[PDB]
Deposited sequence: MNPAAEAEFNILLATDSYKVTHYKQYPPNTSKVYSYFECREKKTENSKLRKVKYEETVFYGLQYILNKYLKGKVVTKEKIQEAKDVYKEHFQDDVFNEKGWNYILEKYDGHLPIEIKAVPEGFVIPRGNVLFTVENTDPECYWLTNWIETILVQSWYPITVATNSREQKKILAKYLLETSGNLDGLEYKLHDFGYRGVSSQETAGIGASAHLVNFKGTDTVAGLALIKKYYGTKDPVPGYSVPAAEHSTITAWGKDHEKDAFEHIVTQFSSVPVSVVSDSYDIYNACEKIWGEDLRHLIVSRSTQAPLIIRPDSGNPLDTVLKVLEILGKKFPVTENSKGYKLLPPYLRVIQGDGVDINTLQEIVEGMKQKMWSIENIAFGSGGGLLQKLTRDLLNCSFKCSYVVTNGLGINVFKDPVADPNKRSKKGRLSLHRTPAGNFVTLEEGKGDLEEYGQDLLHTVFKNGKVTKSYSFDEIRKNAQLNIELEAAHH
């Protein structure tokens, strides 16, 4: 990894563009006006890419050679980078102040600030914008996952009277559906801020290495079938496949994909009749989890529940909602995103089915179908020092008032009613509000403040 080659190309030319005599460039990150965001992921980026000796004579020579060919000209700031190498043993003369990780902040508030600590390195602040802006992804995954937890919490409480099993209601199936191995780990870890069920193993190592938990692992899974383990038995032997799998995992929960040929037939005739004797004998701690995987998500769920309700003893809970026996549950793991999740639980409630009957699996919808535009995650310069005088800087496009940026030195405060406010133009220096919620997390190549994954989880908790 070479930090000199980890920026947008045009940034290589920006040191020549700033006003002459600029000693300080101060920039901030916000999710511009999903009403609130989970702040998560910066700690991973600081440790992996920004801390320690990030500059070497070899890295400078390597970058010089690449940029000479890439621009077909000598534009690369070799003097500036050689200065950091000689003066600071290749450590970044940068200060990063950030809100604590797991903090739930309303939109349009400062989440972190970046500034150079040496006047010669005025250009460094925005050089590292590209690396830092990538924190949009764990922020958005964590925020979207938490919003789905809010929907599940609302309907589980309404249909059952409690939140039992809530942290296992949305399982991460997204490993194959993401753009890379690195994305898989970052995304899976952001989902684990809110839930405990994951199939994306990559998230486990990332948490252990960069955040840490008191528990041996942050996430869990159970044995489950896939189309290949069912279809390898042959079309006429689906019953033999099901019997073998539930017998191999007789004492643990087991999920079985039942839609290879005909989901309604598997529920009614295979599970509901032929293998019913292997289901009713199961423990409350080892249910069979029927998994539909195609068709209209809501229509399939309701039809599967009506079939199961007629083949198995259904009870009515204290809220008047239908509950399957404890050895039988359903997992819907196809076509699940925040919109369809809401349609399913609302459809179940209208048909008097408790949310305790169902769990969800989400792949692409959870980890890939998200962009930086969803929460409007943006990094902009708000303050510069030129000829020793500080000036408030901002953009305000005529055609888009929503793109107007904040001015001057920023701070985040608790209001008297306990909400959040971002103070602009260094107004935080007037002690009219409490202490600034931003802490120095990075300074001069060192990580100065860290959070464990348990602290993040506590900070990201729902109000309910």
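*Asks:* In sequence order, what intervals of the deposited sequence carry no C-alpha positions?
*Replies:* Absent from the structure are positions 1-8, 42-53, 485-491.
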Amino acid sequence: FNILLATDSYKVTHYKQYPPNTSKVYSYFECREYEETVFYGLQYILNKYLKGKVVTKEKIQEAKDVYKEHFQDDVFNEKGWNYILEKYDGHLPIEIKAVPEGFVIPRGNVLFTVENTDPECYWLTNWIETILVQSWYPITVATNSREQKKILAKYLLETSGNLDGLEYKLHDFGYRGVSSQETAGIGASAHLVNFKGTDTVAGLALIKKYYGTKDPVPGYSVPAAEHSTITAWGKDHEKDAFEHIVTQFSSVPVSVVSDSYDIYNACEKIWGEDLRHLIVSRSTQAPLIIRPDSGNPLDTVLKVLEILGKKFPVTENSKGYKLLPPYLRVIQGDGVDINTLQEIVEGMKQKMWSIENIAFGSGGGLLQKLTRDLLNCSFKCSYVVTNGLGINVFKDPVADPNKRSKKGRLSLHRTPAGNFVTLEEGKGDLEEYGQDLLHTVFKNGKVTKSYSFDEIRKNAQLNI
From here on, numbers count along this sequence of modelled residues.
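*Asks:* Averaging C-alpha B-factors over each stretch, which comes out higher, 230-238 or 177-185?
*Replies:* Mean B over CA atoms: larger for 230-238.
*Asks:* Do the C-alpha atoms of 269-277 or of 358-366 have the higher average B factor in the entry?
*Replies:* Higher mean C-alpha B-factor: 269-277.
*Asks:* Can you pull the Cα B-factors for 97, 282, 191, 150 from the entry and say which is highest?
*Replies:* By C-alpha B-factor in the record, 282 ranks first.
*Asks:* Please pick out which of 318, 332, 260, 130 has the largest Cα B-factor as recorded in the entry.
*Replies:* Most elevated C-alpha B-factor of the set, per the entry: 318.
*Asks:* Relative to the other modelled residues of the same chain, rank the CA B-factor of residue 210 and answer lowest, middle or highest third.
*Replies:* Its C-alpha B-factor, which the entry lists for residue 210, ranks in the middle third among residues of this chain.
*Asks:* Based on the deposited C-alpha B factors for this chain, I'd like to know if residue 9 is in the lowest, middle or highest third.
*Replies:* For residue 9, whose C-alpha B-factor we compare with every modelled residue in the chain, the answer is the lowest third.
*Asks:* Split into thirds by Cα B-factor across the chain's modelled residues, where does residue 76 land: lowest, middle or highest?
*Replies:* Answer is highest: the recorded C-alpha B-factor places it there.
*Asks:* Sorting by Cα B-factor within the chain, modelled residues only, which third would residue 48 end up in: lowest, middle or highest?
*Replies:* Within its chain, residue 48 is a lowest-third residue by C-alpha B-factor, going by the deposited values.
*Asks:* C-alpha B factor of residue 32, ranked within the chain: lowest, middle or highest third?
*Replies:* CA B-factor rank for residue 32: lowest third.
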